[PDB]
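Below: one structure, written as structure tokens.
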Amino acid sequence: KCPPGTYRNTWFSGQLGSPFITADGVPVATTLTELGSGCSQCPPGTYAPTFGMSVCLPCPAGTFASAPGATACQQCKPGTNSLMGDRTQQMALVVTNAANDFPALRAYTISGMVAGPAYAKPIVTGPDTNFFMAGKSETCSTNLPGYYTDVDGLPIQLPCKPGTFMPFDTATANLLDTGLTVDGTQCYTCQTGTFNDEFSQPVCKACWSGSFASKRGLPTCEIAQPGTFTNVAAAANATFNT
Amino acid sequence: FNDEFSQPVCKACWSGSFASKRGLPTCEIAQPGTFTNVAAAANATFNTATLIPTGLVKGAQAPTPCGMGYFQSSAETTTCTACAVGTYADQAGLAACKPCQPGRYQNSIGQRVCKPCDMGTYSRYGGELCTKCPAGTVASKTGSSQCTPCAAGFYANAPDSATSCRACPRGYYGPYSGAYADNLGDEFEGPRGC
Ligand SMILES: *[C@@H]1O[C@H](CO)[C@@H](O[C@@H]2O[C@H](CO)[C@@H](O)[C@H](O)[C@H]2NC(C)=O)[C@H](O)[C@H]1NC(C)=O
Ligand SMILES: *[C@@H]1O[C@H](CO)[C@@H](O[C@@H]2O[C@H](CO)[C@@H](O)[C@H](O)[C@H]2NC(C)=O)[C@H](O)[C@H]1NC(C)=O
């Protein structure tokens with residue numbers, strides 16, 4: 001039997017490398033084989049745990065293999081997921097290689113206010129294609145804005161509950177306290193005077209004039225009671241750079 | 001806040017309560033899962049010579065929800081304790097943090113996550129540690145709620161905390177279910193094994 005981490009099959013062999021680590025976007029094919037035996041080494045993203053198997057088992061969602069021949073793949077660290085491409089690619093919209101639209105992996109679509117008074121839902125439309133979570137052939141991607149992974153090995157990044165938000169980065173976090181930093185494993189409550197009622201929001205929502213939010217992480221704004229009022233001109237939602 | 005008629009100065013809300021609105025007749029206490037404390041919160045002292053109040057320092061304005069890994073069961077409080085071992089608080093401002101779901105465990109204080117049980121072990125709700133699955137039963141997957149008995153004609157691979165069930169080999173037979181191998185003697189037989 002072939003040693004673990006390798007596979008022998010009549011109809012195919014070799015390794016198909018990770019396409020998301022190459023600027024071209026075309027997966028480079030190699031022929032790495034075990035020295036003594038001769039069986040082809042298991043391709044990246046897949047692991048061969050047992051003795052003498054024909055094909056390579058793709059890694060389960062929430063796990064990643066990055067080297068040819070694994071016998072097992074480790075779990076994604078907390079704050080990271082198992083999605084095709086890194087965080088930049090799956091959040092990108094422009095194209096570099098016109099042959100195959102690389103790396104416009106339009107996988108992150110969030111519905112919110114856009115440039116101009118218009119409110120688009122979702123801001124990115126179309127049939128989503130790059131959604132695979134099993135074969136993570138490269139280093140784990142960072143979680144998209146609005147999602148978190150507290151415990152390592154989670155299959156899918158979970159969304160932030162209403163009343164909490166998660167920004168893209170500390171530098172770009174528009175309304176976040178000075179001492180708090182984001183990494184991918186935390187869900188911060190909405191700032192007092194703001195609210196949020198939708199799962200997986202990268203920013204809290206300003207409470208409209210005539211209402212108020214007197215508590216941290218309020219799922220819904222509070223209507224001003226009779227005899228009282230609130231009006232702040234500067235209050236406005238956060239617009240999304242398309 | 002203030003509740004007495006004709007006062008020359010308001011009174012700061014004590015630690016464990018807040019006044020979120022102007023002109024509050026009575027300070028409102030902090031609800032469970034939240035705490036308020038301001039050590040600098042004075043109430044004015046009257047200068048006996050001139051009957052002038054001074055020294056008032058405003059108290060808490062809004063409740064502070066308890067951070068991740070902390071819970072607060074009671075109201076009127078000034079701080080919240082780390083969650084008891086075997087339980088976790090994965091949110092902010094929790095009345096009483098939930099116990100770890102079956103198949104998980106948490107052997108630490110103040111954690112916001114439950115670690116998953118390793119292979120060959122199981123755990124019900126809560127759980128100090130992953131229970132080593134008893135003899136004759138097997139838990140082949142990590143985070144198993146319970147470990148099932150080995151089928152008749154099969155035997156557990158280990159005397160304690162079995163990870164797989166194997167068929168009795170050629171020339172052997174397992175009459176009872178829940179058979180398990182034993183290290184002592186031959187490795188293919190047990191007290192009820194093959
Ligand atoms: C931020 O966006 C939210 C969500 O669209 C707005 O909240 C709505 O406000 C209207 C009045 O303008 C209310 O009638 C709706 O009930 C609110 N919706 C929800 C879901 O709460 C909010 O007004 C926006 N903030 C500002 C400052 O414009
Ligand atoms: C300011 O002094 C007043 C006394 O005039 C305090 O009022 C009481 O405070 C205790 C806690 O120390 C509460 O149990 C009572 O319910 C309060 N009375 C009322 C009528 O509300 C007030 O707490 C003092 N402030 C501080 C910060 O000690």
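The chains in the structure tokens are called A, B, ... from first to last as shown; in each chain the residues are counted from 1, and the ligands are counted from 1 in the order shown.
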
### Query
Near residue 84 (chain B), within 12 Å and counting only C-alpha atoms, which residues show up once chain neighbours fewer than 3 positions away are dropped, as a VMD selection string?
chain B and resid 69 to 73 80 to 81 87 to 89 96 to 100 106 to 112 126 to 128

Requested write-out: C-alpha atoms of the selected residues, as a CSV table (one decimal), in the first residue's frame:
chain,number,residue,atom,x,y,z
B,69,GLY,CA,-16.7,35.5,29.6
B,70,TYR,CA,-18.4,37.3,32.5
B,71,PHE,CA,-22.0,37.0,33.8
B,72,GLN,CA,-24.0,38.8,36.4
B,73,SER,CA,-26.9,36.9,38.0
B,80,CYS,CA,-19.7,40.7,37.6
B,81,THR,CA,-17.8,37.5,38.3
B,87,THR,CA,-19.9,27.3,31.6
B,88,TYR,CA,-19.1,30.0,29.1
B,89,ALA,CA,-20.3,33.5,28.2
B,96,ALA,CA,-26.5,33.9,33.6
B,97,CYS,CA,-24.0,32.3,31.2
B,98,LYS,CA,-25.1,29.1,29.4
B,99,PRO,CA,-23.6,25.7,30.2
B,100,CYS,CA,-21.4,24.0,27.6
B,106,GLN,CA,-14.6,23.9,29.5
B,107,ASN,CA,-11.9,23.3,32.2
B,108,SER,CA,-11.3,27.0,33.0
B,109,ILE,CA,-12.8,30.0,34.6
B,110,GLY,CA,-14.0,33.1,32.6
B,111,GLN,CA,-13.7,31.5,29.2
B,112,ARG,CA,-16.1,32.5,26.4
B,126,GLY,CA,-22.0,21.3,31.4
B,127,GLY,CA,-19.0,19.2,32.2
B,128,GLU,CA,-15.8,19.7,34.1

### Message
So that I can check the surroundings of residue 16 (chain A), please list as a ChimeraX atom specification every protein, DNA and RNA residue that reaches within 8 Å of it, counting only C-alpha atoms and ignoring chain neighbours fewer than 4 positions away.
### Response
/A:27-30,43-44

### Task
Select all residues from chain A having any atom no more than 10 Å from an atom of chain B (counting only C-alpha atoms, ignoring ligands), output as a list in words.
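Going by the stated atoms only, the list reads residues 150, 151, 152, 153, 161, 164, 186, 187, 188, 189, 192, 214, 215, 216 and 217 of chain A.
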
### Task
Name each residue within 12 Å of ligand 2, counting only C-alpha atoms and all ligand atoms, as a VMD selection string.
chain B and resid 1 to 5 7 9 to 19 24 to 29 36 to 46 55 to 60 76 to 77

Using only C-alpha atoms and all ligand atoms, which residues of the polymer chains come no farther than 12 Å from ligand 1? I'd like the answer as an mmCIF file with N, CA, C and O atoms, in the first residue's frame.
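Saved file result_16.cif follows:
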data_model
loop_
_atom_site.group_PDB
_atom_site.id
_atom_site.type_symbol
_atom_site.label_atom_id
_atom_site.label_comp_id
_atom_site.auth_asym_id
_atom_site.auth_seq_id
_atom_site.Cartn_x
_atom_site.Cartn_y
_atom_site.Cartn_z
ATOM 1 N N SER A 111 -25.595 44.494 2.071
ATOM 2 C CA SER A 111 -26.633 45.437 1.681
ATOM 3 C C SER A 111 -26.624 46.624 2.636
ATOM 4 O O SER A 111 -26.788 46.453 3.848
ATOM 5 N N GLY A 112 -26.439 47.819 2.090
ATOM 6 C CA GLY A 112 -26.427 49.019 2.906
ATOM 7 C C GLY A 112 -26.486 50.248 2.029
ATOM 8 O O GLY A 112 -26.607 50.161 0.804
ATOM 9 N N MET A 113 -26.406 51.406 2.678
ATOM 10 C CA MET A 113 -26.408 52.665 1.948
ATOM 11 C C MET A 113 -25.130 52.807 1.132
ATOM 12 O O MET A 113 -24.041 52.441 1.580
ATOM 13 N N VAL A 114 -25.270 53.348 -0.076
ATOM 14 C CA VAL A 114 -24.152 53.463 -1.005
ATOM 15 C C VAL A 114 -23.899 54.935 -1.293
ATOM 16 O O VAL A 114 -24.561 55.810 -0.725
ATOM 17 N N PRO A 117 -27.796 59.248 -2.266
ATOM 18 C CA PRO A 117 -28.888 58.939 -1.329
ATOM 19 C C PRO A 117 -29.487 57.556 -1.518
ATOM 20 O O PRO A 117 -30.171 57.069 -0.609
ATOM 21 N N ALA A 118 -29.257 56.911 -2.658
ATOM 22 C CA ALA A 118 -29.866 55.617 -2.930
ATOM 23 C C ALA A 118 -29.353 54.549 -1.971
ATOM 24 O O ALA A 118 -28.208 54.586 -1.514
ATOM 25 N N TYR A 119 -30.224 53.590 -1.667
ATOM 26 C CA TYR A 119 -29.919 52.483 -0.767
ATOM 27 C C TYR A 119 -30.017 51.188 -1.562
ATOM 28 O O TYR A 119 -31.116 50.767 -1.937
ATOM 29 N N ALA A 120 -28.874 50.558 -1.815
ATOM 30 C CA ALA A 120 -28.806 49.364 -2.646
ATOM 31 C C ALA A 120 -28.774 48.111 -1.783
ATOM 32 O O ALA A 120 -28.112 48.077 -0.742
ATOM 33 N N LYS A 121 -29.496 47.085 -2.224
ATOM 34 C CA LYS A 121 -29.545 45.814 -1.516
ATOM 35 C C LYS A 121 -29.588 44.660 -2.511
ATOM 36 O O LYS A 121 -30.581 44.497 -3.230
ATOM 37 N N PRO A 162 -27.564 40.722 16.173
ATOM 38 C CA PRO A 162 -28.050 42.105 16.190
ATOM 39 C C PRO A 162 -27.701 42.789 17.502
ATOM 40 O O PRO A 162 -27.732 42.179 18.571
ATOM 41 N N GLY A 163 -27.365 44.072 17.408
ATOM 42 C CA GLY A 163 -26.835 44.813 18.524
ATOM 43 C C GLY A 163 -25.325 44.834 18.601
ATOM 44 O O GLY A 163 -24.766 45.677 19.309
ATOM 45 N N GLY A 193 -26.029 55.478 21.721
ATOM 46 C CA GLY A 193 -26.528 56.409 20.737
ATOM 47 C C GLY A 193 -26.661 55.839 19.344
ATOM 48 O O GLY A 193 -27.152 56.538 18.449
ATOM 49 N N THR A 194 -26.239 54.597 19.132
ATOM 50 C CA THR A 194 -26.381 53.903 17.861
ATOM 51 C C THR A 194 -26.995 52.534 18.117
ATOM 52 O O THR A 194 -27.127 52.093 19.260
ATOM 53 N N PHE A 195 -27.371 51.855 17.036
ATOM 54 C CA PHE A 195 -28.030 50.564 17.152
ATOM 55 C C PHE A 195 -27.758 49.742 15.901
ATOM 56 O O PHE A 195 -27.160 50.218 14.935
ATOM 57 N N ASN A 196 -28.218 48.493 15.934
ATOM 58 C CA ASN A 196 -28.074 47.582 14.805
ATOM 59 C C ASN A 196 -29.057 46.438 14.991
ATOM 60 O O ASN A 196 -29.120 45.850 16.074
ATOM 61 N N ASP A 197 -29.815 46.127 13.942
ATOM 62 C CA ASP A 197 -30.826 45.078 14.007
ATOM 63 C C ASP A 197 -30.645 44.013 12.934
ATOM 64 O O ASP A 197 -31.541 43.181 12.749
ATOM 65 N N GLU A 198 -29.520 44.009 12.228
ATOM 66 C CA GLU A 198 -29.267 43.046 11.169
ATOM 67 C C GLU A 198 -28.007 42.253 11.479
ATOM 68 O O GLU A 198 -27.014 42.809 11.958
ATOM 69 N N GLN A 201 -23.211 43.001 10.341
ATOM 70 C CA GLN A 201 -23.064 44.377 9.899
ATOM 71 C C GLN A 201 -21.674 44.885 10.237
ATOM 72 O O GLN A 201 -21.221 44.723 11.377
ATOM 73 N N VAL A 203 -20.781 47.917 10.594
ATOM 74 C CA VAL A 203 -20.862 49.245 11.188
ATOM 75 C C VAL A 203 -22.227 49.387 11.842
ATOM 76 O O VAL A 203 -23.229 48.870 11.342
ATOM 77 N N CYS A 204 -22.258 50.085 12.974
ATOM 78 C CA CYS A 204 -23.517 50.371 13.637
ATOM 79 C C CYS A 204 -24.302 51.416 12.850
ATOM 80 O O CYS A 204 -23.778 52.103 11.970
ATOM 81 N N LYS A 205 -25.584 51.531 13.177
ATOM 82 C CA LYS A 205 -26.484 52.464 12.517
ATOM 83 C C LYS A 205 -26.818 53.607 13.464
ATOM 84 O O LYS A 205 -27.175 53.374 14.623
ATOM 85 N N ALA A 206 -26.696 54.833 12.968
ATOM 86 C CA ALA A 206 -27.030 56.001 13.768
ATOM 87 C C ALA A 206 -28.528 56.057 14.025
ATOM 88 O O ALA A 206 -29.339 55.806 13.130
ATOM 89 N N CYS A 207 -28.895 56.391 15.257
ATOM 90 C CA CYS A 207 -30.298 56.492 15.625
ATOM 91 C C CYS A 207 -30.866 57.795 15.080
ATOM 92 O O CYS A 207 -30.306 58.871 15.313
ATOM 93 N N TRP A 208 -31.976 57.697 14.355
ATOM 94 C CA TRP A 208 -32.547 58.857 13.690
ATOM 95 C C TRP A 208 -33.075 59.863 14.708
ATOM 96 O O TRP A 208 -33.403 59.525 15.848
ATOM 97 N N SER A 209 -33.146 61.121 14.277
ATOM 98 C CA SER A 209 -33.675 62.176 15.130
ATOM 99 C C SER A 209 -35.120 61.874 15.499
ATOM 100 O O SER A 209 -35.896 61.373 14.683
ATOM 101 N N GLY A 210 -35.481 62.190 16.738
ATOM 102 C CA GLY A 210 -36.746 61.758 17.286
ATOM 103 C C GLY A 210 -36.687 60.458 18.052
ATOM 104 O O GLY A 210 -37.705 60.047 18.622
ATOM 105 N N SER A 211 -35.532 59.796 18.079
ATOM 106 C CA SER A 211 -35.337 58.571 18.837
ATOM 107 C C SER A 211 -33.996 58.656 19.552
ATOM 108 O O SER A 211 -33.253 59.631 19.403
ATOM 109 N N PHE A 212 -33.681 57.627 20.334
ATOM 110 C CA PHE A 212 -32.446 57.630 21.105
ATOM 111 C C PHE A 212 -32.077 56.203 21.474
ATOM 112 O O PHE A 212 -32.925 55.308 21.501
ATOM 113 N N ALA A 213 -30.794 56.007 21.771
ATOM 114 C CA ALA A 213 -30.257 54.712 22.185
ATOM 115 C C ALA A 213 -29.429 54.938 23.445
ATOM 116 O O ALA A 213 -28.264 55.338 23.363
ATOM 117 N N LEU A 218 -27.882 48.088 21.625
ATOM 118 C CA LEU A 218 -29.334 48.035 21.534
ATOM 119 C C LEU A 218 -29.750 47.434 20.197
ATOM 120 O O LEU A 218 -29.364 47.961 19.149
ATOM 121 N N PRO A 219 -30.514 46.341 20.185
ATOM 122 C CA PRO A 219 -31.016 45.820 18.903
ATOM 123 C C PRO A 219 -31.900 46.800 18.158
ATOM 124 O O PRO A 219 -31.872 46.827 16.922
ATOM 125 N N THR A 220 -32.684 47.607 18.867
ATOM 126 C CA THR A 220 -33.593 48.557 18.243
ATOM 127 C C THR A 220 -33.542 49.879 18.992
ATOM 128 O O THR A 220 -33.426 49.898 20.220
ATOM 129 N N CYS A 221 -33.637 50.978 18.250
ATOM 130 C CA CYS A 221 -33.654 52.294 18.865
ATOM 131 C C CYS A 221 -34.939 52.490 19.667
ATOM 132 O O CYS A 221 -35.953 51.827 19.443
ATOM 133 N N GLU A 222 -34.881 53.418 20.619
ATOM 134 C CA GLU A 222 -36.003 53.709 21.500
ATOM 135 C C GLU A 222 -36.703 54.980 21.039
ATOM 136 O O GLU A 222 -36.050 55.994 20.777
ATOM 137 N N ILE A 223 -38.026 54.920 20.949
ATOM 138 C CA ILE A 223 -38.817 56.064 20.513
ATOM 139 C C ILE A 223 -38.937 57.052 21.665
ATOM 140 O O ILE A 223 -39.259 56.669 22.795
ATOM 141 N N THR A 230 -35.628 64.559 20.550
ATOM 142 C CA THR A 230 -34.220 64.494 20.178
ATOM 143 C C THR A 230 -34.082 64.878 18.717
ATOM 144 O O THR A 230 -34.828 64.376 17.871
ATOM 145 N N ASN A 231 -33.130 65.758 18.419
ATOM 146 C CA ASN A 231 -32.802 66.073 17.032
ATOM 147 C C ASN A 231 -31.335 66.471 16.964
ATOM 148 O O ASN A 231 -30.934 67.493 17.528
ATOM 149 N N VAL A 232 -30.536 65.649 16.293
ATOM 150 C CA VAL A 232 -29.123 65.919 16.062
ATOM 151 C C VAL A 232 -28.893 65.923 14.558
ATOM 152 O O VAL A 232 -29.105 64.903 13.891
ATOM 153 N N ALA A 233 -28.476 67.071 14.026
ATOM 154 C CA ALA A 233 -28.318 67.201 12.582
ATOM 155 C C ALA A 233 -27.208 66.300 12.058
ATOM 156 O O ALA A 233 -27.343 65.698 10.986
ATOM 157 N N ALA A 234 -26.106 66.191 12.799
ATOM 158 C CA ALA A 234 -24.944 65.452 12.321
ATOM 159 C C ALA A 234 -25.168 63.948 12.259
ATOM 160 O O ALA A 234 -24.367 63.252 11.629
ATOM 161 N N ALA A 235 -26.223 63.431 12.885
ATOM 162 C CA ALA A 235 -26.447 61.992 12.896
ATOM 163 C C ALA A 235 -26.815 61.500 11.503
ATOM 164 O O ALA A 235 -27.715 62.044 10.857
ATOM 165 N N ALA A 236 -26.118 60.464 11.044
ATOM 166 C CA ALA A 236 -26.359 59.901 9.724
ATOM 167 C C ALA A 236 -25.770 58.500 9.672
ATOM 168 O O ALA A 236 -24.788 58.204 10.355
ATOM 169 N N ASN A 237 -26.381 57.645 8.854
ATOM 170 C CA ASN A 237 -25.851 56.307 8.658
ATOM 171 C C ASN A 237 -24.476 56.370 7.995
ATOM 172 O O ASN A 237 -24.031 57.412 7.511
ATOM 173 N N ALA A 238 -23.804 55.224 7.971
ATOM 174 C CA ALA A 238 -22.504 55.108 7.327
ATOM 175 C C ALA A 238 -22.685 54.638 5.890
ATOM 176 O O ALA A 238 -23.345 53.626 5.641
ATOM 177 N N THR A 239 -22.101 55.376 4.954
ATOM 178 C CA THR A 239 -22.168 55.030 3.543
ATOM 179 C C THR A 239 -21.037 54.080 3.174
ATOM 180 O O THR A 239 -19.936 54.149 3.725
#

### Query
Between CA of residue 79 (chain B) and CA of residue 79 (chain A), what is the spacing in Å?
28.8 Å

### Summary
Closest of A:108, A:134, A:141, A:228 to residue 22 (chain B), counting only C-alpha atoms, is A:228

### Query
Between B:117, B:75, B:49, B:135, which is the closest to residue 32 (chain B) once you count only C-alpha atoms?
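Closest to residue 32 (chain B), using only C-alpha atoms: B:75.
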
### Query
Can you list, as number ranges by chain, every protein, DNA or RNA residue that comes within 7 Å of region 64-73 of chain A when you count only C-alpha atoms, leaving out same-chain residues fewer than 5 positions away?
A: 4-6, 41-49, 59, 82, 136-140

### Task
Would you return as a list in words the members of region 18-124 of chain B that DSSP assigns to strand (DSSP E or B) on this structure's backbone?
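In region 18-124 of chain B, DSSP puts these residues in strand (DSSP E or B): residues 18, 28, 29, 34, 35, 45, 46, 47, 52, 53, 54, 64, 65, 70, 71, 81, 82, 87, 94, 99, 104, 105, 115, 116, 121 and 122 of chain B.
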